[PDB]
Structure formats: C-alpha cells, structure tokens
C-alpha cells in the first residue's frame, strides 16, 4: 500500500505536527498548511531550501517584529497569510463620525485609544501635519513602532495572495518578480503595508501590487525603493485600492536612503484608487549629488527621465495632495482627483504632457496656494476644474487647451491658453436677458474683461427682438464704449464718437474716418485718413 499511497496522494505537511515553523519547512515537499496560530519572535528566520512550495494559511502568525522567509523556490505562493502584532498600541483617529478631517492638534490628541486598527500610531510626520501635536501627545503615544511584518528576503518569483492582518506589514527585501496579489484589506502598522525594497543587489524588477486593498497604517500603503521595470515597464501598482494611509497611498521614494538611491524608474501606476490618505494619494516624485543614480549635471533636480506608465487613477479625500510627481518627458493621462484638502495636483514636471485631467474641489483647506501647480514647460490637453465649491491653476510655463468648468478666470495663470480647433460656435445663454462672448487680456487685467460681443433682449421674452453690441473697456470700466445694432428694435446702428476734438494720432488705418464732437458749433466732424494716408478733417453732421 505504502508504494501506492506514495504515488496517489498530494503531499502536504501541516504546522500542527511541528514545534517550530522551520521544522515544518524542512519537512515540506509540495504543500505546507498553517493550521494553527504561530507566535514568532522578531527576526525569526525560516529557510525553505529553495523548494517551490505552496503555503496555504488558515491561521495567524502572531508577533511584533519580522518573520523572515528565505530561500523559497521560484514559483512559490503563499495564500491567506494573516499577520498580527502582540502589542495593542496607542492610535489616533484624525476624522470625525461624519468623516470630517480633524486638523486641530488638541482635537486629534483627544482621539487617543489603544487599538490594532481604526487609526494609526503617530510618527514625526504627524508633528508637521497637526502643528503642536508633538507637545500635546503623552509620552506613551510617542515613538511607537508596532508592526507584525512578513519579510520575504532575496527571493525571485514568489507571490503572496490574499494576505491580511492587524498592524500588519509585508516587506519584499532584495526580491525580483514577486507580486502582492489581492491583498485582503490588511490593517497597517508602523511601517509601509507593502514595500518592495532593493537598496542592495540589482534594482528591483518584476515586482507588482496587483488588485486588492489595504486600510490604515502609519505611513504609505504601497511603496517602492530602487526599482526599475525597464522599457518593458515590468513592475508597479495596478488595480489597487488604498484607504486612510497615515502617509500616502502609493509612493516611490526620493533621494538618498542609506548610502544609495531609493528612486524608481519605468513602473506602472494604473487603474488604482486612493481614498482619504492623511498625506498624498499618489506620491510619484523622485527628487526631494545622487549617489547610485544620475548626477545632477546630467539631469537637474526634478528632471529625471522617470518614464512611469501612469494612467486611469482616482483620488478622493486626501488631507494632502491628491497627485504629486516630478520628472521630465512624462506622459500622464486620465487622472481624476476629487475633494482634497490640499492641492489636487502638485506637478514638478518639465517637458511633460498631461491628457484628460480632472481636478474637482481641491485645496479646500487652503493648505497650498493652488488647486493645481505645474512648474516646468508642460502641455495640458483637457483640464476639468471646479466642482460645487488663491489661484486655481498656476502653471506659469505651460500651454493649456480644453479647460471645462465654472472657473474664475482671474484664478488662472498659464503661459498660453488656446482653442485652435473649434468648429462653428454657438453661445447658449440660460437664465439671463443676454448672451455674451467676452475677451480678457490678462496682461491688461486678470479681473476685468477688455471687450465683449453681447446680444440683449429688446422688450421681454418672446419679443423676437434683440440688440447686438460690441464693447471696449475704458478707464478700467468694462463696456465703457460700445456700438449697438437694433437697440430698441430701431433697426439702426448706434455709433460712438470722440467726445472732443479727435487728435491726429487717434485714427489708425487709411481709408477710414473717425467721428468726433465739435461742441463750439454743435457739429459732428470727421477725422479722415485718406486712402493715400493723408489726414483731413471734414464736417460730418450739422444743424
């Protein structure tokens, strides 16, 4: 029988048969079932002998600190892992029962409670976020560092599916071709919930976060350090949801970490949602003299050729910036940012193109100077601004086209704004006695329209009559001077004349005449510039 049984049954060892996880790991052949809770000590390391194992979790890994899995064969998969700390730390919950953000330090300190979820352990960044909280926080709620972390170390081709936990953390250190798939809403701890760190060895490649969601955590939900997906863009965050990150939803590190670069290149950030981050929705910047990376002489600050593939992202409820990034020659598209306390978009980009961006009701708490900021020479094609609620857009060097929304024109600052390819046009006016087409030269004034083409009703609704008027501003009074056609259904043109003797320099073109008033004789004269260019004054109208 044994011979037969050995060839007809599925191999699998279970943790309940062993005293330690390593013993179970040493016995494992094909499968390994975690069928009983296992308390680990920080630093507990498990060597899997390069075996391609299928680890199925039906119990928890309990402990503060890291549980290190090493030497897993390419193709190994862990499903259902639940990480839980042994400590229940002090957490703050900076939002009300109506889901209103609390920005007052005393108000936030008042939210203190011991819990493994529904809030996060304060960090130094909070000292900056809620001014004066550092002096208000009790010593026991400061400097905490609780996180039950599963650390996968220097492995290739390992995938973690449907992971979960309380005060949980997932760290891939020195890994390649690993994926965090369908994270089953783990509640974060002190460190990043999902981190791909490659500060040593080769730049991380093939590392992804695919689907799923996370909640809470003191810092960022998903984060990468020194990863480069290459031209193939092998790596990134796709179809992921982050909720209430103590810092940002998705973050690519900036500057020098340790003695090398923590920057990232050629990654994908697509089809993802980030809601209510205490900081930013997406922090995709690289710079904050670049050991391990491009020198400043080659690429100036904020001008690295990051080349991330960025598309179809949604951000809502950020206490900070909805979408932030830097870099040169970037192509960004289909970004929707709604209801943010600080800037919806803070762009330190140069020679980049943004297509179909929607920034709806951001900088609601005046944290920044604008709803959207772009520093370098960029191109924006399609920009929807204003929802139902300081400049709106400040992109001094960018060329914009296609803005939609109830924007205040005096709150727009760009290098150039133009609609070169519209067809025949119709201005449809609703709720008013007139329709209008206004012209505003921002060099003359950002607050006053310089001219206009109106159409006003003559009489009342259904009169079948209106008068058209062409105007010009004078003395900073918009519409001061104007020509009308059909005022009071009279069917004639009302023409404005110089109230006094017209000076020679008033007339501009030849073969034109400019009517002017001669009060001393109750006459209307006409300064005429003959087709030959000569000036002559003629009597136009008299008694």
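Positions refer to the first chain, counted from 1.
Gap between residue 288 and residue 289: 4 to 9 deposited residues without coordinates. Going from residue 446 to residue 447, you skip over nothing: the modelled chain follows the deposited sequence without a break. The stretch with the higher mean CA B factor, choosing between 258-266 and 236-244, is 258-266.
Set 426-434 against 408-416 and average the Cα temperature factors; 426-434 ends up higher. When the C-alpha B factors of 168, 91, 128, 306 are read from the deposited coordinates, the top value falls at 128. If you compare the C-alpha temperature factors of 391, 163, 315, 347 in the entry, 391 comes out highest. Residue-level temperature factors show residue 53 in the lowest third of its chain, judged at the C-alpha atom. Ranked by Cα temperature factor within the chain, residue 485 sits in the highest third according to the deposited record.
Among the modelled residues of its chain, residue 26 has a C-alpha B-factor that falls in the middle third according to the deposited record.
In this PDB entry, residue 45 carries a Cα temperature factor that places it within the middle third of its chain's modelled residues. Compared with the other modelled residues of the chain, the Cα B-factor recorded for residue 327 ranks in the middle third.
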